[PDB]
Amino acid sequence: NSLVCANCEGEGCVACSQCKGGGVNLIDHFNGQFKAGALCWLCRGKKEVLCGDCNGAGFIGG
Ligand SMILES: [Zn+2]
Ligand SMILES: [Zn+2]
Ligand SMILES: [Zn+2]
(Lines give C-alpha, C1' and ligand atoms only; values in the text may rest on other atoms or scores of the structure.)
(Ligands and ions follow the chains in the order given, each with its own letter.)
Protein backbone atom coordinates (compact mmCIF):
# COMPACT_ATOMS: atom_id res chain seq x y z
CA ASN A 1 0.00 0.00 0.00
CA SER A 2 0.96 3.70 -0.44
CA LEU A 3 2.35 6.06 2.22
CA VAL A 4 2.62 9.81 1.89
CA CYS A 5 6.19 10.74 1.11
CA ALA A 6 8.25 11.65 4.16
CA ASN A 7 10.71 13.89 2.28
CA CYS A 8 8.14 16.26 0.60
CA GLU A 9 5.11 15.41 2.88
CA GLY A 10 2.98 14.84 -0.28
CA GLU A 11 3.96 18.08 -2.13
CA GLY A 12 5.47 16.06 -4.98
CA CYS A 13 7.45 19.18 -6.02
CA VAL A 14 9.92 20.63 -3.50
CA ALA A 15 12.00 23.80 -3.16
CA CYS A 16 15.11 23.51 -5.35
CA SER A 17 17.93 22.18 -3.12
CA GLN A 18 20.63 24.00 -5.26
CA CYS A 19 19.40 27.56 -5.11
CA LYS A 20 17.22 26.97 -2.00
CA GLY A 21 14.23 28.48 -3.71
CA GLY A 22 15.99 31.68 -4.71
CA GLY A 23 16.42 30.85 -8.47
CA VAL A 24 20.15 31.64 -8.77
CA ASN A 25 23.29 29.65 -8.01
CA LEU A 26 24.45 30.38 -4.48
CA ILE A 27 28.12 29.52 -5.05
CA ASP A 28 30.66 29.33 -7.83
CA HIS A 29 30.72 25.59 -8.33
CA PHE A 30 33.78 23.29 -8.17
CA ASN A 31 33.20 22.34 -11.82
CA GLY A 32 34.31 25.95 -12.76
CA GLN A 33 31.20 26.50 -14.91
CA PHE A 34 28.20 27.44 -12.77
CA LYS A 35 28.66 30.96 -11.36
CA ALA A 36 27.29 32.48 -8.22
CA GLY A 37 24.29 34.63 -9.04
CA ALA A 38 23.64 33.09 -12.49
CA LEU A 39 20.39 31.32 -13.27
CA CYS A 40 20.17 28.14 -11.16
CA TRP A 41 21.69 25.28 -13.07
CA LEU A 42 19.07 22.80 -11.78
CA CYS A 43 15.65 24.54 -11.75
CA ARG A 44 16.50 27.31 -14.21
CA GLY A 45 14.84 29.99 -12.07
CA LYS A 46 11.59 28.05 -11.35
CA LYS A 47 12.63 27.63 -7.71
CA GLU A 48 11.33 24.02 -7.49
CA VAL A 49 12.10 20.53 -8.70
CA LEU A 50 10.46 17.12 -8.27
CA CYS A 51 11.10 15.28 -5.06
CA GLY A 52 13.87 12.70 -5.42
CA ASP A 53 12.33 10.13 -3.11
CA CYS A 54 8.91 9.84 -4.75
CA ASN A 55 9.72 11.37 -8.19
CA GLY A 56 6.86 13.80 -7.73
CA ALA A 57 4.14 11.23 -6.87
CA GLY A 58 3.89 12.48 -3.26
CA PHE A 59 3.46 8.84 -2.06
CA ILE A 60 5.74 5.80 -1.77
CA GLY A 61 4.31 2.25 -2.40
CA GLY A 62 4.53 -0.83 -0.09
ZN1 LIG B 1 8.40 13.07 -2.11
ZN1 LIG C 1 5.72 22.74 -4.79
ZN1 LIG D 1 17.27 26.08 -8.26
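The rules behind the values
- Residues numbered from 1 in each chain as written, not as in the entry; some residues may be left out.
- Chains lettered and ligands numbered in written order.
- Heavy atoms only, no water.
- Helix = DSSP H or I, 4+ residues; strand = E, 2+ residues; numbered from the N terminus.
- Rg over C-alpha atoms; globule rule 2.2 N^0.38 Å.
- Buried < 20%, exposed > 50% of the residue type's maximum accessible area, 1.4 Å probe, protein only.
- Contact = heavy atoms within 4.5 Å.
- Areas by Shrake-Rupley, 256 points an atom, 1.4 Å probe, with all protein chains shown as cover.
- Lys, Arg positive; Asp, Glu negative; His and termini not counted.
- Charge placed at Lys NZ, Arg CZ, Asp CG, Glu CD.
- Donors = N, O, S within 2.8 Å, 3.2 Å for Na, K, Ca; no water.
- Tetrahedral: all angles 85-135°; square planar, octahedral: opposite > 155°, others 65-115°.
- UniProt positions renumbered as here; feature names shortened; annotations may be inferred.
- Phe/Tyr/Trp six-rings, centres within 6.5 Å; stacked < 30°, edge-to-face > 60°.

> Mind showing me how you'd approach the overall build of the protein chain here?
Scanning the protein chain from terminus to terminus reveals 0 helices and 4 strands. The order of α-helices and β-strands along the protein chain, N terminus first, is β-β-β-β. The C-alpha radius of gyration computed for the protein chain amounts to 14 Å, which surpasses the reference 11 Å derived for 62 residues by more than 25%, pointing to a less compact arrangement than a globule. In terms of overall dimensions, the protein chain has a C-alpha envelope of 45 × 20 × 15 Å along the principal axes. Within the span of the protein chain, comprising 62 residues, buried residues form 24% of the whole. Of all intrachain contacts in the protein chain linking residues separated by at least 6 positions in sequence, the fraction that spans at least 24 positions is 57%. Summing over all exposed atoms, the protein chain offers an accessible surface of approximately 4,300 Å²; the carbon and sulfur share of this is 54%. The protein chain carries 5 positive and 5 negative side-chain charges, and their two centres are separated by 12 Å.

> Just checking my understanding: could you explain the coordination of the zinc ion (ligand 3) for this structure?
In an ideal tetrahedron of four donors about a metal, each angle is 109.5 degrees. In an ideal octahedron of six donors, the angles are 90 or 180 degrees. All of the protein donors around the zinc ion (ligand 3) are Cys16 (SG), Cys19 (SG), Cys40 (SG) and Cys43 (SG); their distances to the metal are 2.3 to 2.4 Å. Its 4 donor atoms give the zinc ion (ligand 3) angles of 104 to 115° at the centre, a pattern that matches the tetrahedral case.

> Where do I start with the UniProt feature "binding site: Zn(2+) 2" in the protein chain in this structure?
Mapped onto this structure's residue numbering, the UniProt feature "binding site: Zn(2+) 2" falls at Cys16, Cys19, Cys40 and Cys43. Across 28 residues, the annotated set stays spatially compact, with a maximum C-alpha separation of 9.0 Å. Within the fold, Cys19 resides in the loop between β2 (13-15) and β3 (48-50). Residues contacting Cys19, with those up to four places away along its chain left out, are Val24, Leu26, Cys40 and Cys43.

> In this structure, what is going on with the packing of aromatic side chains? I would like to understand it.
How two aromatic rings sit relative to each other is given by the distance of their centres and the angle of their planes. On inspection of all chains with the given rule, the structure shows 1 aromatic pair. Look at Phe34 and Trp41: their rings are 5.3 Å apart centre to centre, the planes differ by 15°, and that puts the pair in the stacked class. Judged by relative accessible area, which is 27%, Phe34 ranks as partly exposed.

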